[PDB]
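One chain comes next, on its own, written as structure tokens: the form deposited in one PDB entry.
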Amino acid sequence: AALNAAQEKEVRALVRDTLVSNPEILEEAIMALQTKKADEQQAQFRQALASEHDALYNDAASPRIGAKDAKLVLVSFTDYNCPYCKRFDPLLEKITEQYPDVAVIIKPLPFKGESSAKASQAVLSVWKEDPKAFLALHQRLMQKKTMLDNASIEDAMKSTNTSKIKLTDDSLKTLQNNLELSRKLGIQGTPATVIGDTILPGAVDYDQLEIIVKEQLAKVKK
């Protein structure tokens, strides 16, 4: 609404024209990227959670398994082709409303491949249009053994009534927010679950996960 369609499309042509005509802009943006990675990589961890509370716990684009109004919320960084995530996600859903004032926030990651980014792109695109339709797709993207492809996924989005949903480019923005966050939180292992100022890197026994979520509910008010 700031720019008109005629203005808006000329700008889109200029982006292409400028980067190719002046490639020096690109290498500058490359070194600037490799630098910002280091700025986040060599940061202080706890103060990341105090400064990243709004992106972790208050992202409207981040899928949630459980109640939207809960006192304790877990954040699970996951990959749909990672065997350990497939082994832990069920443990994360069972704690949801066996312990009802606890919910789980999903942060999909593109670590193990292109399908990981692709599967994430599907899951995030679904979350905005029909949030309740997320779960069925989420479980089968997880419970499907082997590295999914666009073909394996076209079967998955179809066993969940989510095939009319288009993978948006804006859903890719969120996947990135999750990716920068893993670095800011210093996570290069998945699964990773944030449960209140602390991170859980790896698969943990249910009865231990059980104790942890209870200890963090003691950490809250009355």
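Note that residue numbering begins at 1 and tracks the sequence as displayed.
Not pictured, yet referred to below: the form deposited in another entry.
Two rigid parts of the chain rotate against each other between this form and the one not shown, and of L167, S152, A43, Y84 the one at the hinge is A43. In the other entry, the Cα-Cα separation between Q42 and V194 shrinks by 3 Å or more relative to the displayed conformation. Expansion of the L175-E28 CA spacing by 3 Å or more is recorded in the other entry, set against this form.
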